[PDB]
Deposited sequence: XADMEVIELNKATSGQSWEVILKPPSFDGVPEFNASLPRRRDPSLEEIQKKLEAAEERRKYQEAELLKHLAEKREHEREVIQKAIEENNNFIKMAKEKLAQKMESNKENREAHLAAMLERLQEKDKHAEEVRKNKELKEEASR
């Protein structure tokens, strides 16, 4: 019913104006480069730390991998060692036993030789008396 047209500007290829239907209901109208560089550098150092931690975790894996191979070698070596000593002990125990069995057999037959000498000695003491 009541309009207000305020001719703002007119130019070669355009024309502008403001049309107010009703007025308002108020009296009054109502980082730096160092800082940004700091943020970007702080993010880069956080990312760098995370990657370092991952590579350290993977370095620990490699260390365990060479400890597994070493353990396999050490167990095999201890199996060879125990078998070598147990076998040497078994062959030594057997040599001692066989030596002892034969030594005892020698001694019992040597006793018989001594007894035979005693029998021959006893014949002399009986003889030379009769006739």
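**Q** Where does the model have holes with respect to the deposited sequence?
**A** Unmodelled stretches: 1, 32-42.
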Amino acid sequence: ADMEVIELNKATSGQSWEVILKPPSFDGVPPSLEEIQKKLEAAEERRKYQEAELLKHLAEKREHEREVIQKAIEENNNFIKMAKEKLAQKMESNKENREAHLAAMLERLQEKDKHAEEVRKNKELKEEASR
From here on, numbers count along this sequence of modelled residues.
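Heads up, when I say rigid core I mean the largest set of C-alphas that superpose within 1.5 Å between the two forms.
**Q** Between 21-29 and 112-120, report the one with more C-alpha displacement in 7 other deposited structures of this protein relative to this form after a rigid core superposition.
**A** Evaluated in 7 other deposited structures of this protein, the stretch farther from the shown form is 21-29.
**Q** For the C-alpha atoms alone, is the average B factor greater in 80-88 or in 101-109, going by the entry?
**A** Comparing 101-109 with 80-88, the higher average CA B-factor belongs to 101-109.
**Q** Quick one: higher average CA temperature factor, 111-119 or 19-27?
**A** Mean B over CA atoms: larger for 19-27.
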